[PDB]
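For reference, the structure is listed below as structure tokens.
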Amino acid sequence: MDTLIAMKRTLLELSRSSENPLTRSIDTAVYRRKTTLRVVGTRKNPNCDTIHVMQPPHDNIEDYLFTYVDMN
Amino acid sequence: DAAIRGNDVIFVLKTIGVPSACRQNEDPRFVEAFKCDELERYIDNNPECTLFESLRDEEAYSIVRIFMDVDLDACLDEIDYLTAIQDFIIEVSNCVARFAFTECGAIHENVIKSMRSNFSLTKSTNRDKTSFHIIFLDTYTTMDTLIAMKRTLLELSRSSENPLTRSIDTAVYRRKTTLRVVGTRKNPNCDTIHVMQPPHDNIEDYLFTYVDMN
Amino acid sequence: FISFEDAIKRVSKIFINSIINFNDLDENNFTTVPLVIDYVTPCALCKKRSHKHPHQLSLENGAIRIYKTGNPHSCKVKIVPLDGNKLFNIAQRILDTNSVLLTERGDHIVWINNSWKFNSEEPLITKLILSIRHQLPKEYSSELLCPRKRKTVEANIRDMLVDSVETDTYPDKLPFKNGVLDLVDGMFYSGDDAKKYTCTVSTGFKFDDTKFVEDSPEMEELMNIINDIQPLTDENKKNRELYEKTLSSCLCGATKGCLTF
Amino acid sequence: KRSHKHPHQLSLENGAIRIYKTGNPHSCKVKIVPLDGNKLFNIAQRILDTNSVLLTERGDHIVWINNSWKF
Ligand SMILES: Nc1ncnc2c1ncn2[C@@H]1O[C@H](COP(=O)(O)OP(=O)(O)OP(=O)(O)O)[C@@H](O)[C@H]1O
Ligand SMILES: [Zn+2]
């Protein structure tokens with residue numbers, strides 16, 4: 001974990017330096033204590049109708065979970 | 001135009017919320033017309049008096065100096081204050097010169113030189129606030145010009161980022177404007193006043209109706 | 001203004017550290033609850049270390065001001081706007097400087113290096129934008145180092161110019177590459193003083209007062225040539241009186257109604 | 001001014017070098033120098049300082065390569 005909280009300055013300075021189009025639209029404060037990430041297919045609120053659209057070639061649930069660790 | 005006509009009498013009020021009819025009646029208890037020296041004597045002998053400066057009749061003589069007010073609810077160190085005031089001066093000069101060239105048909109360089117040559121600043125006795133009135137000595141214009149330029153000033157205040165520039169209040173440019181006299185008590189139960197500036201040790205450099213075209 | 005979530009986004013990018021009370025900010029109480037951040041890296045406002053008091057946010061003039069409770073000098077004051085684009089503001093400032101103008105011929109004249117220049121096939125506007133970055137605040141100068149942002153600012157400036165202006169209206173001023181001299185007084189204006197007279201042409205050689213001396217050996221030998229060409233004789237004085245009339249007529253920039261042989 | 005009797009001083013803040021006169025700061029002017037920029041702009045500045053590319057009066061660019069000037 002504690003690595004993620006230390007590169008935040010590094011990626012923010014890279015985004016400020018690099019002028020690639022989508023690089024200007026990254027998030028830095030996401031790396032924090034007790035970080036919460038939205039699961040695919042789960043809405044933020046019932047009022048909101050925005051859901052995550054599944055993208056091939058990965059279809060399984062473990063393909064989109066950073067809390068799962070496997071050794072291959 | 002005016003040429004020989006140069007304002008030297010100073011119109012001064014004594015209390016906010018002056019009754020309407022008594023202004024035309026010119027009651028001595030609220031309206032006074034002085035000169036520089038006797039006004040200085042009147043503010044020296046009475047330290048608890050409250051004085052407010054304003055014009056009497058703009059229908060015949062409505063030419064005044066350029067004046068602006070700034071007030072921010074924070075404290076700044078000397079160096080940051082100097083940097084902010086320099087950038088503020090540059091930006092305000094550019095904006096005013098651009099407006100004058102675009103609408104009034106004046107000359108950009110003359111306006112910039114006149115407004116950046118001489119200007120008078122004040123300070124507030126409060127420690128936790130940064131407020132001042134700025135007077136441009138060598139620039140003269142009509143009140144309607146200030147009314148028209150109010151919108152551009154508001155746009156500049158909204159667009160900018162300097163803390164001093166964001167604090168400009170454009171509400172002072174309206175019909176029957178009033179200003180606080182420097183070194184004068186504001187409220188009967190308030191000790192906050194304005195002080196002098198070492199560049200300018202004369203009272204006549206801190207009035208926006210005293211006109212003298214050199 | 002803008003979306004509240006974007007305001008929290010910008011505020012959280014400003015604070016390099018994370019806050020603990022993130023869930024406690026709402027649309028109606030963000031100006032009251034104190035703000036305490038996690039302490040692993042010194043705050044971006046002031047270096048210091050481990051600020052001992054919470055911060056606070058205030059809303060004024062369509063902007064958010066961040067101030068630290070306690071010692072005013074402990075942490076630096078920061079103002080975050082929520083209204084417009086930075087490039088538009090930069091273009092507005094550049095226009096306010098009054099350095100690029102539109103002529104009736106459809107070309108743009110630019111004040112670069114104490115002179116007015118215009119090109120019908122080259123974008124001098126980008127060069128002006130790059131050159132003028134020294135007269136702008138710190139936060140604006142960094143954005144002008146990227147060519148794409150310069151092109152965007154140029155597009156905004158080109159969109160902003162609607163009216164045209166006249167040029168070369170004073171026939172009594174002689175322009176140079178370093179300034180303009182007045183024919184009625186002989187005084188030479190350089191730099192910003194020459195910006196008043198919109199002259200788009202120049203002699204091509206810079207002015208220099210060192211050679212502009214009457215008491216010089218080079219001047220003395222010129223009367224010999226002028227007497228050889230035009231003898232100072234009475235019967236020719238009328239011709240002499242005419243000879244200087246045409247010769248001095250070349251300086252001005254007004255239309256002449258006569259032909260000379 | 002005359003000889004600036006009080007010595008000057010340097011500071012660094014938000015990626016900028018600030019120069020200010022000690023003693024009475026109001027007797028001088030505070031100057032700012034940005035010690036930051038793009039890498040590509042720095043490369044272009046170095047190449048320009050090498051003085052290998054020039055502009056002609058006819059609108060053409062001349063470069064210096066292989067010990068020769070070419071346009
Ligand atoms: N405690 C927090 N610290 C930092 N940022 C936070 C915190 N809580 C929420 N946010 C931010 O608030 C926003 C809320 O998520 P939003 O729906 O806007 O986008 P997202 O992060 O792309 O979504 P998702 O939840 O699908 O990953 C995000 O930008 C998130 O980083
Ligand atoms: Zn701090």
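Residues in the structure tokens are numbered from 1 in each chain, the chains being A, B, ... in the order shown, and ligands are numbered from 1 in the order shown.
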ask   = Hey, what's within 10 Å of residue 137 in chain C if we count only C-alpha atoms and toss same-chain stuff fewer than 4 positions away? As a list in words, please?
value =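 The contact residues come out as residues 83, 84, 87, 91, 161 and 162 of chain B; 133, 141 and 142 of chain C; 32 of chain D.
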inquiry  = List as a list in words the protein and nucleic acid residues lying within 8 Å of ligand 2, with only C-alpha atoms and all ligand atoms counted.
reply    = residues 42, 43, 44, 45, 46, 47, 48, 49, 51, 68, 74, 75 and 76 of chain C
task = Give as a list in words the residues surrounding ligand 1 up to a distance of 6 Å, considering only C-alpha atoms and all ligand atoms.
result =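 These are the residues that qualify: residues 29, 30, 37 and 38 of chain A; 22 of chain C.
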Using the selection just defined, write its residues with C-alpha atoms as a tab-separated table (two decimals), in the first residue's frame.
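What landed in out.tsv:
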```tsv
chain	number	residue	atom	x	y	z
A	29	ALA	CA	-6.13	12.22	-4.26
A	30	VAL	CA	-7.64	8.77	-4.96
A	37	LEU	CA	-13.55	2.06	-5.48
A	38	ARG	CA	-16.83	1.47	-7.29
C	22	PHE	CA	-14.03	13.96	3.22
```
task = Measuring atom to atom with only C-alpha atoms, identify which of C:135, C:92, C:97, C:61 is nearest to residue 1 in chain C.
result = C:61
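Residue neighbourhood of range 62-70 of chain B, excluding near-sequence residues (fewer than 2 positions): residues 58, 131, 132, 133, 134, 135, 136, 139, 140, 141, 142, 167, 168, 208 and 209 of chain B, at 6 Å, using only C-alpha atoms.
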query = Could you pull out all residues of chain A with a DSSP call of alpha helix (DSSP H) and give them as a ChimeraX atom specification?
reply = /A:8-17
Output as JSON lines one row per residue of chain D within 12 Å of chain A: the closest atom pair and its distance in Å to one decimal place, counting only C-alpha atoms, sorted by chain and residue number ascending.
```
{"residue": "D:36", "atom": "CA", "partner": "A:17", "partner_atom": "CA", "distance": 10.6}
{"residue": "D:37", "atom": "CA", "partner": "A:17", "partner_atom": "CA", "distance": 8.8}
{"residue": "D:38", "atom": "CA", "partner": "A:17", "partner_atom": "CA", "distance": 7.1}
{"residue": "D:39", "atom": "CA", "partner": "A:17", "partner_atom": "CA", "distance": 8.6}
{"residue": "D:40", "atom": "CA", "partner": "A:17", "partner_atom": "CA", "distance": 10.6}
{"residue": "D:41", "atom": "CA", "partner": "A:17", "partner_atom": "CA", "distance": 11.9}
```
Proximity of chain C to chain B: per-residue shortest pair, 10 Å limit, only C-alpha atoms, as CSV:
```
residue,atom,partner,partner_atom,distance
C:60,CA,B:166,CA,8.8
C:61,CA,B:158,CA,6.9
C:62,CA,B:158,CA,7.2
C:63,CA,B:158,CA,8.5
C:65,CA,B:163,CA,9.1
C:67,CA,B:74,CA,8.3
C:71,CA,B:75,CA,9.8
C:72,CA,B:75,CA,6.2
C:73,CA,B:76,CA,7.3
C:76,CA,B:76,CA,8.5
C:77,CA,B:74,CA,8.0
C:78,CA,B:163,CA,8.3
C:79,CA,B:161,CA,7.0
C:80,CA,B:161,CA,7.9
C:81,CA,B:161,CA,7.5
C:82,CA,B:158,CA,9.7
C:83,CA,B:159,CA,7.8
C:84,CA,B:159,CA,7.2
C:85,CA,B:159,CA,8.8
C:86,CA,B:159,CA,8.6
C:88,CA,B:159,CA,9.2
C:89,CA,B:159,CA,6.4
C:90,CA,B:159,CA,9.8
C:92,CA,B:95,CA,9.2
C:93,CA,B:91,CA,7.9
C:94,CA,B:94,CA,9.4
C:95,CA,B:98,CA,8.0
C:96,CA,B:98,CA,5.3
C:97,CA,B:94,CA,5.8
C:98,CA,B:98,CA,6.9
C:135,CA,B:90,CA,9.0
C:136,CA,B:87,CA,8.4
C:137,CA,B:87,CA,7.2
C:139,CA,B:161,CA,9.0
C:163,CA,B:102,CA,9.6
C:192,CA,B:109,CA,7.5
C:193,CA,B:109,CA,7.6
C:194,CA,B:109,CA,9.6
C:195,CA,B:109,CA,7.6
C:196,CA,B:109,CA,6.8
```
Same residues, N, CA and C atoms, output as a compact mmCIF listing (two decimals), in the first residue's frame:
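Output contents, as saved in part22.txt:
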```txt
# COMPACT_ATOMS: atom_id res chain seq x y z
N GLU C 60 -15.94 33.97 -1.55
CA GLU C 60 -16.12 35.39 -1.83
C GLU C 60 -15.81 35.67 -3.29
N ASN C 61 -16.62 36.53 -3.90
CA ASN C 61 -16.39 37.03 -5.26
C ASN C 61 -16.25 35.88 -6.26
N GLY C 62 -17.06 34.84 -6.07
CA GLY C 62 -16.98 33.67 -6.93
C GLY C 62 -15.66 32.94 -6.86
N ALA C 63 -15.07 32.86 -5.68
CA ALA C 63 -13.81 32.15 -5.50
C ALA C 63 -13.73 31.61 -4.08
N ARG C 65 -11.27 30.97 -0.89
CA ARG C 65 -10.04 31.37 -0.22
C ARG C 65 -9.77 30.43 0.94
N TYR C 67 -7.63 29.65 4.33
CA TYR C 67 -6.87 30.31 5.38
C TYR C 67 -6.74 29.38 6.58
N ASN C 71 -2.20 31.48 13.57
CA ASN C 71 -1.22 32.45 13.10
C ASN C 71 -1.48 32.77 11.64
N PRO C 72 -1.79 34.02 11.29
CA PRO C 72 -1.99 34.35 9.87
C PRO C 72 -0.75 34.14 9.01
N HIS C 73 0.44 34.34 9.57
CA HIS C 73 1.67 34.20 8.80
C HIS C 73 2.16 32.76 8.71
N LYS C 76 0.36 30.24 3.87
CA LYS C 76 0.10 31.23 2.83
C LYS C 76 -1.36 31.17 2.38
N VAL C 77 -1.88 32.33 1.98
CA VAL C 77 -3.26 32.43 1.51
C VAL C 77 -3.34 31.98 0.06
N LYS C 78 -4.37 31.20 -0.27
CA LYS C 78 -4.56 30.66 -1.61
C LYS C 78 -5.99 30.91 -2.06
N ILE C 79 -6.13 31.36 -3.31
CA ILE C 79 -7.43 31.66 -3.90
C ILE C 79 -7.63 30.76 -5.11
N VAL C 80 -8.77 30.09 -5.17
CA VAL C 80 -9.12 29.17 -6.25
C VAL C 80 -10.35 29.73 -6.96
N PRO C 81 -10.26 30.02 -8.25
CA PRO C 81 -11.45 30.47 -9.00
C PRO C 81 -12.26 29.28 -9.50
N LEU C 82 -13.50 29.56 -9.87
CA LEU C 82 -14.44 28.53 -10.30
C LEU C 82 -15.28 29.00 -11.48
N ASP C 83 -14.76 29.93 -12.28
CA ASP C 83 -15.62 30.57 -13.26
C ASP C 83 -15.26 30.29 -14.72
N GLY C 84 -14.04 30.60 -15.13
CA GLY C 84 -13.71 30.68 -16.55
C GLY C 84 -12.44 29.95 -16.93
N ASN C 85 -12.00 30.17 -18.17
CA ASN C 85 -10.82 29.53 -18.72
C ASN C 85 -9.59 30.40 -18.51
N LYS C 86 -8.45 29.75 -18.30
CA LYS C 86 -7.20 30.49 -18.13
C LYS C 86 -6.73 31.09 -19.45
N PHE C 88 -8.52 32.16 -21.98
CA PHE C 88 -9.30 33.35 -22.29
C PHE C 88 -8.81 34.55 -21.49
N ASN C 89 -8.48 34.34 -20.21
CA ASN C 89 -7.95 35.43 -19.40
C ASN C 89 -6.60 35.90 -19.93
N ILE C 90 -5.75 34.97 -20.36
CA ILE C 90 -4.46 35.35 -20.93
C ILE C 90 -4.65 36.17 -22.19
N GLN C 92 -7.25 38.02 -22.90
CA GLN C 92 -7.76 39.32 -22.49
C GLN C 92 -6.63 40.22 -22.01
N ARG C 93 -5.70 39.68 -21.21
CA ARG C 93 -4.58 40.48 -20.75
C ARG C 93 -3.70 40.94 -21.92
N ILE C 94 -3.44 40.03 -22.86
CA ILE C 94 -2.60 40.39 -24.00
C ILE C 94 -3.26 41.48 -24.83
N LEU C 95 -4.57 41.39 -25.03
CA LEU C 95 -5.28 42.46 -25.72
C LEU C 95 -5.21 43.77 -24.94
N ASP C 96 -5.34 43.69 -23.61
CA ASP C 96 -5.26 44.89 -22.78
C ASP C 96 -3.91 45.56 -22.91
N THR C 97 -2.84 44.78 -23.13
CA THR C 97 -1.53 45.38 -23.36
C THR C 97 -1.49 46.23 -24.62
N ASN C 98 -2.43 46.02 -25.55
CA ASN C 98 -2.54 46.79 -26.78
C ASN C 98 -1.26 46.67 -27.62
N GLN C 135 5.95 40.01 -19.16
CA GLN C 135 5.15 41.06 -18.53
C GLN C 135 3.85 40.52 -17.95
N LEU C 136 3.83 39.25 -17.58
CA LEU C 136 2.65 38.57 -17.07
C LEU C 136 2.99 37.92 -15.74
N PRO C 137 1.98 37.67 -14.89
CA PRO C 137 2.25 37.01 -13.60
C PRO C 137 2.83 35.62 -13.76
N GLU C 139 1.84 32.60 -12.81
CA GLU C 139 0.95 31.50 -13.20
C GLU C 139 0.61 31.51 -14.68
N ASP C 163 -13.00 45.50 -34.73
CA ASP C 163 -12.87 46.80 -35.37
C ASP C 163 -11.45 46.99 -35.90
N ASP C 192 8.76 53.04 -26.09
CA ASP C 192 7.33 53.23 -25.93
C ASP C 192 6.85 54.59 -26.42
N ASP C 193 7.70 55.61 -26.39
CA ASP C 193 7.29 56.92 -26.88
C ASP C 193 6.96 56.88 -28.37
N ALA C 194 7.60 55.98 -29.12
CA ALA C 194 7.33 55.86 -30.54
C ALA C 194 6.10 55.02 -30.85
N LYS C 195 5.50 54.38 -29.84
CA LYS C 195 4.33 53.54 -30.09
C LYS C 195 3.11 54.37 -30.47
N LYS C 196 3.09 55.65 -30.08
CA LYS C 196 1.93 56.49 -30.38
C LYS C 196 1.71 56.63 -31.87
```
ask   = Mind listing as an MDAnalysis selection string which residues of chain D are within 9 Å of chain B, counting only C-alpha atoms?
value = chainID D and resid 20 25:26 29:31
inquiry  = Just the number, please: distance in Å from CA of residue 145 in chain B to CA of residue 211 in chain B, one decimal.
reply    =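 We find that CA of residue 145 in chain B and CA of residue 211 in chain B lie 16.6 Å from each other.
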ask   = Any idea what's packed within 9 Å of range 186-190 of chain B, counting only C-alpha atoms, ignoring anything in its chain fewer than 5 positions away? Could you give it as a PyMOL selection string?
value = chain B and resi 48-52+180-181
Could you turn the residues from that selection into a file that holds N, CA and C atoms, as a PDB file, in the first residue's frame?
```
ATOM      1  N   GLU B  48     -12.541  63.293  17.151  1.00  0.00           N
ATOM      2  CA  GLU B  48     -13.637  62.334  17.181  1.00  0.00           C
ATOM      3  C   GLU B  48     -14.697  62.609  16.121  1.00  0.00           C
ATOM      4  N   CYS B  49     -14.482  63.593  15.255  1.00  0.00           N
ATOM      5  CA  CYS B  49     -15.469  63.914  14.237  1.00  0.00           C
ATOM      6  C   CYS B  49     -15.400  62.915  13.085  1.00  0.00           C
ATOM      7  N   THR B  50     -16.543  62.723  12.429  1.00  0.00           N
ATOM      8  CA  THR B  50     -16.655  61.838  11.276  1.00  0.00           C
ATOM      9  C   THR B  50     -16.939  62.684  10.047  1.00  0.00           C
ATOM     10  N   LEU B  51     -16.118  62.525   9.013  1.00  0.00           N
ATOM     11  CA  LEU B  51     -16.228  63.306   7.789  1.00  0.00           C
ATOM     12  C   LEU B  51     -16.297  62.378   6.587  1.00  0.00           C
ATOM     13  N   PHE B  52     -17.166  62.717   5.638  1.00  0.00           N
ATOM     14  CA  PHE B  52     -17.306  61.975   4.396  1.00  0.00           C
ATOM     15  C   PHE B  52     -17.283  62.947   3.227  1.00  0.00           C
ATOM     16  N   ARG B 180     -14.558  57.917   2.375  1.00  0.00           N
ATOM     17  CA  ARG B 180     -14.075  58.269   3.703  1.00  0.00           C
ATOM     18  C   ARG B 180     -12.842  59.158   3.604  1.00  0.00           C
ATOM     19  N   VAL B 181     -12.831  60.226   4.391  1.00  0.00           N
ATOM     20  CA  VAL B 181     -11.676  61.112   4.458  1.00  0.00           C
ATOM     21  C   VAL B 181     -10.558  60.411   5.213  1.00  0.00           C
TER      22      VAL B 181
END
```
Among range 27-147 of chain C, which residues does DSSP mark as strand (DSSP E) when it is run on the backbone? Keep the chain and numbering as in the structure and answer as an mmCIF file with C-alpha atoms, in the first residue's frame.
```
data_model
loop_
_atom_site.group_PDB
_atom_site.id
_atom_site.type_symbol
_atom_site.label_atom_id
_atom_site.label_comp_id
_atom_site.auth_asym_id
_atom_site.auth_seq_id
_atom_site.Cartn_x
_atom_site.Cartn_y
_atom_site.Cartn_z
ATOM 1 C CA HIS C 55 -7.607 25.096 7.768
ATOM 2 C CA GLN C 56 -10.826 26.746 6.609
ATOM 3 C CA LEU C 57 -12.456 27.756 3.325
ATOM 4 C CA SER C 58 -14.414 30.930 2.578
ATOM 5 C CA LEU C 59 -16.487 31.855 -0.478
ATOM 6 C CA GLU C 60 -16.120 35.388 -1.829
ATOM 7 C CA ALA C 63 -13.805 32.153 -5.504
ATOM 8 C CA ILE C 64 -12.665 29.981 -2.602
ATOM 9 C CA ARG C 65 -10.042 31.374 -0.223
ATOM 10 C CA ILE C 66 -8.114 28.989 2.040
ATOM 11 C CA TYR C 67 -6.870 30.307 5.383
ATOM 12 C CA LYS C 68 -5.280 28.563 8.365
ATOM 13 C CA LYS C 78 -4.555 30.665 -1.609
ATOM 14 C CA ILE C 79 -7.428 31.662 -3.902
ATOM 15 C CA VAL C 80 -9.120 29.175 -6.246
ATOM 16 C CA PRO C 81 -11.446 30.466 -9.001
ATOM 17 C CA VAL C 100 -1.702 43.533 -31.677
ATOM 18 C CA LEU C 101 -4.029 45.550 -33.903
ATOM 19 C CA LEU C 102 -6.190 44.945 -36.968
ATOM 20 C CA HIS C 108 -2.595 42.205 -38.130
ATOM 21 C CA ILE C 109 0.172 44.557 -36.989
ATOM 22 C CA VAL C 110 2.292 43.522 -34.006
ATOM 23 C CA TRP C 111 4.538 45.587 -31.714
ATOM 24 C CA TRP C 116 5.421 47.674 -35.787
ATOM 25 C CA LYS C 117 5.638 44.614 -38.039
#
```
request  = Tell me which of C:12, C:178, C:3, C:255 sits closest to chain A, counting only C-alpha atoms.
outcome  =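 Nearest candidate to chain A out of C:12, C:178, C:3, C:255: C:12.
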task = Measuring atom to atom with only C-alpha atoms, identify which of A:28, A:10, A:36, A:23 is nearest to chain C.
result = A:28
Using only C-alpha atoms, I'd like a table of the residues in chain A that come within 10 Å of chain C; for each, show the closest atom pair and its distance in Å rounded to one decimal, ordered by chain and ascending number, as a Markdown table.
```
| residue | atom | partner | partner_atom | distance |
| --- | --- | --- | --- | --- |
| A:5 | CA | C:40 | CA | 9.2 |
| A:6 | CA | C:40 | CA | 9.3 |
| A:8 | CA | C:16 | CA | 8.3 |
| A:9 | CA | C:16 | CA | 7.4 |
| A:12 | CA | C:13 | CA | 9.0 |
| A:19 | CA | C:146 | CA | 8.6 |
| A:27 | CA | C:13 | CA | 8.3 |
| A:28 | CA | C:13 | CA | 7.0 |
| A:29 | CA | C:18 | CA | 6.3 |
| A:30 | CA | C:18 | CA | 8.7 |
| A:31 | CA | C:18 | CA | 8.4 |
| A:32 | CA | C:18 | CA | 6.3 |
| A:33 | CA | C:18 | CA | 8.3 |
| A:34 | CA | C:20 | CA | 9.9 |
```
